[PDB]
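Participant: Here you go, one structure.
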Amino acid sequence: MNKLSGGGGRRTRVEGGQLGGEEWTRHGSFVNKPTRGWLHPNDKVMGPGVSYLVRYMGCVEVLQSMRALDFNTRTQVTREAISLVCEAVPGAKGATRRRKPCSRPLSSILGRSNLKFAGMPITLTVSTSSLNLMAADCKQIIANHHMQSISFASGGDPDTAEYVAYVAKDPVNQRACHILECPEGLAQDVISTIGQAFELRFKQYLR
């Protein structure tokens, strides 16, 4: 009887499928169910890719701990992070200009913004777990696809007002963020966050 009593075969063995939480369970869990991607379905990313012109702004560093701010620290951090990148490269009017004391939001969060090449118009291409940039004015292309983690941080609201903030922390020995400005380009996704190019048939590298 290979009907009533289950059926088939193949290897399977016992596995884990019931993990709640060490202490209290109130986190998000999106695994095999959702159906959305950057701007439009994965097809729009993995295929044509959603690329638009965006002024890349240095990098806002953050050495926050695992318990900053009496709430979340989303605002405080990004707010001081972006406003900080301006204190560095105020040439791009956003939060400050000329000069400003500033310091930090509230807790130990926030680190330091680097102003190597802030405010540089270029074509940013977003793809499923792979973001490649292209120097528009520089007349060249920027290759940077080492990390692919963009979920909670600053989709398109908690940042400052009219500035785009990004988060990148793959390993546990650095963790840094970057800033970007959308002059009627990527703004489509960075403003509303239609979705997120996240599929990857496999974890990531496993190497």
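So you can find residues: chains in the structure tokens are A, B, ... in the order shown, residues in each start at 1, and ligands are numbered from 1 in order.
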Can you pull out every residue within 10 Å of residue A:101, counting only C-alpha atoms, but drop anything in the same chain fewer than 2 positions away, and send it as a PyMOL selection string?

Facilitator: chain A and resi 84+87+99+103

Participant: Please write the residues from the selection above to a file, keeping C-alpha atoms, as a CSV table (one decimal), in the first residue's frame.

Facilitator:
```csv
chain,number,residue,atom,x,y,z
A,84,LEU,CA,27.3,63.8,9.2
A,87,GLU,CA,29.4,68.1,7.7
A,99,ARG,CA,30.4,73.8,9.0
A,103,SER,CA,28.4,64.7,17.5
```

Participant: Could you give me, as JSON lines, every stretch 97-195 of chain A residue with an atom at most 12 Å from stretch 25-34 of chain A, plus its closest atom pair and distance in Å to one decimal, counting only C-alpha atoms, rows ordered by chain then number?

Facilitator:
```
{"residue": "A:151", "atom": "CA", "partner": "A:28", "partner_atom": "CA", "distance": 11.0}
{"residue": "A:152", "atom": "CA", "partner": "A:28", "partner_atom": "CA", "distance": 10.5}
{"residue": "A:195", "atom": "CA", "partner": "A:34", "partner_atom": "CA", "distance": 10.0}
```

Participant: Using the selection just defined, write its residues with N, CA, C and O atoms as a tab-separated table (two decimals), in the first residue's frame.

Facilitator:
```tsv
chain	number	residue	atom	x	y	z
A	151	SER	N	17.72	45.09	3.72
A	151	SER	CA	16.37	44.82	4.19
A	151	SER	C	15.86	45.97	5.06
A	151	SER	O	15.14	46.85	4.59
A	152	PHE	N	16.22	45.94	6.34
A	152	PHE	CA	15.79	46.97	7.28
A	152	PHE	C	16.92	47.94	7.58
A	152	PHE	O	18.02	47.54	7.98
A	195	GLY	N	9.86	46.82	-3.43
A	195	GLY	CA	10.22	45.47	-3.04
A	195	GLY	C	11.68	45.33	-2.68
A	195	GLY	O	12.28	46.24	-2.09
```

Participant: Choose the residue, out of A:126, A:164, A:106, A:135, that has the smallest atom-to-atom separation from residue A:180; count only C-alpha atoms.

Facilitator: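 The closest residue to residue A:180 is A:164.
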
Participant: What lies within 9 Å of stretch 155-162 of chain A using only C-alpha atoms, ignoring chain neighbours under 2 positions off, as a PyMOL selection string?

Facilitator: chain A and resi 74-83+94-95+150-153+164-166+181-182+187+189-193

Participant: Create the file for the chosen residues now, containing C-alpha atoms and written as an mmCIF file, in the first residue's frame.

Facilitator:
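The resulting part-v2.cif:
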```cif
data_model
loop_
_atom_site.group_PDB
_atom_site.id
_atom_site.type_symbol
_atom_site.label_atom_id
_atom_site.label_comp_id
_atom_site.auth_asym_id
_atom_site.auth_seq_id
_atom_site.Cartn_x
_atom_site.Cartn_y
_atom_site.Cartn_z
ATOM 1 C CA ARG A 74 16.751 53.953 13.233
ATOM 2 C CA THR A 75 16.144 57.705 13.089
ATOM 3 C CA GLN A 76 18.932 58.834 15.458
ATOM 4 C CA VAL A 77 21.562 56.856 13.561
ATOM 5 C CA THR A 78 20.759 57.558 9.903
ATOM 6 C CA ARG A 79 19.813 61.121 10.836
ATOM 7 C CA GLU A 80 23.260 61.828 12.277
ATOM 8 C CA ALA A 81 24.903 59.602 9.663
ATOM 9 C CA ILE A 82 23.586 61.521 6.670
ATOM 10 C CA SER A 83 23.747 64.917 8.366
ATOM 11 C CA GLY A 94 21.115 68.139 2.692
ATOM 12 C CA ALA A 95 21.340 68.472 6.466
ATOM 13 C CA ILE A 150 19.488 45.338 2.076
ATOM 14 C CA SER A 151 16.370 44.824 4.192
ATOM 15 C CA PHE A 152 15.790 46.968 7.281
ATOM 16 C CA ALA A 153 17.643 50.269 7.652
ATOM 17 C CA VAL A 164 18.820 58.127 0.729
ATOM 18 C CA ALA A 165 20.784 56.063 3.243
ATOM 19 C CA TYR A 166 22.051 52.521 2.715
ATOM 20 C CA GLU A 181 21.043 60.799 -3.534
ATOM 21 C CA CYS A 182 18.344 60.024 -6.102
ATOM 22 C CA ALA A 187 14.220 57.333 -6.296
ATOM 23 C CA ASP A 189 12.575 52.218 -5.161
ATOM 24 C CA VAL A 190 14.580 54.111 -2.529
ATOM 25 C CA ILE A 191 11.570 56.351 -1.845
ATOM 26 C CA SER A 192 8.768 53.801 -1.484
ATOM 27 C CA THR A 193 10.702 50.526 -1.525
#
```

Participant: Calculate how many Å separate atom CA of residue A:110 from atom CA of residue A:170, rounding to one decimal.

Facilitator: 17.6 Å

Participant: Apply DSSP to the structure's backbone, then extract all residues of stretch 1-126 of chain A labelled alpha helix (DSSP H) and return them as an MDAnalysis selection string.

Facilitator: chainID A and resid 42:46 74:88

Participant: Which of these, A:19, A:131, A:145, A:136, has the shortest distance to residue A:49 once you count only C-alpha atoms?

Facilitator: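 So, comparing all the options, the nearest one is A:131.
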
Participant: I'd like the contact shell of residue A:175 - 12 Å cut-off, only C-alpha atoms, skipping same-chain residues fewer than 2 positions apart - returned as a compact mmCIF listing (two decimals) with N, CA and C atoms, in the first residue's frame.

Facilitator:
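Saved to around07.txt:
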```
# COMPACT_ATOMS: atom_id res chain seq x y z
N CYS A 59 30.71 57.33 2.54
CA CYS A 59 30.25 56.23 3.37
C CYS A 59 30.04 56.68 4.81
N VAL A 60 28.84 56.46 5.33
CA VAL A 60 28.54 56.80 6.72
C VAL A 60 28.78 55.59 7.61
N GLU A 61 29.80 55.69 8.46
CA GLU A 61 30.16 54.59 9.35
C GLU A 61 29.33 54.63 10.63
N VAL A 62 29.05 53.45 11.17
CA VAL A 62 28.25 53.33 12.38
C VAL A 62 28.76 52.20 13.27
N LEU A 63 29.22 52.55 14.47
CA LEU A 63 29.72 51.57 15.41
C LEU A 63 28.72 51.34 16.54
N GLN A 64 27.44 51.28 16.18
CA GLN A 64 26.38 51.07 17.15
C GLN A 64 26.50 49.70 17.82
N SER A 65 25.91 49.57 19.00
CA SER A 65 25.95 48.32 19.74
C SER A 65 24.66 47.52 19.53
N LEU A 110 26.47 55.48 15.59
CA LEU A 110 27.13 56.45 14.71
C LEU A 110 28.65 56.35 14.86
N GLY A 111 29.37 56.51 13.75
CA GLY A 111 30.82 56.38 13.80
C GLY A 111 31.55 57.51 13.10
N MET A 147 29.00 42.52 -1.09
CA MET A 147 27.91 42.30 -0.14
C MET A 147 26.56 42.52 -0.80
N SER A 149 23.13 42.68 1.09
CA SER A 149 22.19 42.66 2.20
C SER A 149 21.51 44.02 2.37
N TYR A 166 21.93 53.95 2.94
CA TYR A 166 22.05 52.52 2.71
C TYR A 166 22.80 51.85 3.86
N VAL A 167 22.60 50.54 4.00
CA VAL A 167 23.26 49.78 5.05
C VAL A 167 23.95 48.54 4.49
N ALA A 168 25.19 48.30 4.92
CA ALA A 168 25.96 47.16 4.45
C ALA A 168 26.82 46.58 5.57
N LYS A 169 26.46 45.39 6.03
CA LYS A 169 27.21 44.73 7.10
C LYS A 169 27.13 43.21 6.97
N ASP A 170 27.96 42.65 6.09
CA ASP A 170 27.98 41.21 5.87
C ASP A 170 28.68 40.50 7.03
N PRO A 171 29.99 40.77 7.21
CA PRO A 171 30.77 40.15 8.29
C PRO A 171 30.51 40.82 9.63
N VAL A 172 31.14 40.29 10.68
CA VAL A 172 30.99 40.85 12.02
C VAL A 172 32.30 41.46 12.51
N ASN A 173 32.99 42.16 11.61
CA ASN A 173 34.26 42.80 11.95
C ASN A 173 34.44 44.09 11.15
N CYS A 177 27.97 51.79 6.59
CA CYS A 177 26.85 52.22 5.76
C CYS A 177 27.31 53.22 4.71
N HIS A 178 26.47 53.42 3.69
CA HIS A 178 26.78 54.36 2.61
C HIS A 178 25.60 55.28 2.35
```

Participant: Which residue, A:44, A:188, A:194, A:56, has the smallest gap to residue A:117 when you use only C-alpha atoms?

Facilitator: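 Of A:44, A:188, A:194, A:56, the one nearest residue A:117, counting only C-alpha atoms, is A:56.
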
Participant: Return the single residue from A:163, A:38, A:52, A:71 that is closest to residue A:197, with distances computed using only C-alpha atoms.

Facilitator: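 The closest residue to residue A:197 is A:38.
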
Participant: Report, in Å to a single decimal, how far apart atom CA of residue A:179 and atom CA of residue A:37 are.

Facilitator: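 So the answer is 21.3 Å.
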
Participant: Work out how far apart atom CA of residue A:174 and atom CA of residue A:58 are and give it in Å to one decimal.

Facilitator: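 Taking atom CA of residue A:174 and atom CA of residue A:58, their separation equals 16.1 Å.
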
Participant: Using backbone DSSP assignments, extract all strand (DSSP E or B) residues from stretch 31-168 of chain A; output them as a PyMOL selection string.

Facilitator: chain A and resi 50-57+59-61+112-114+120-127+130-135+142+164-168
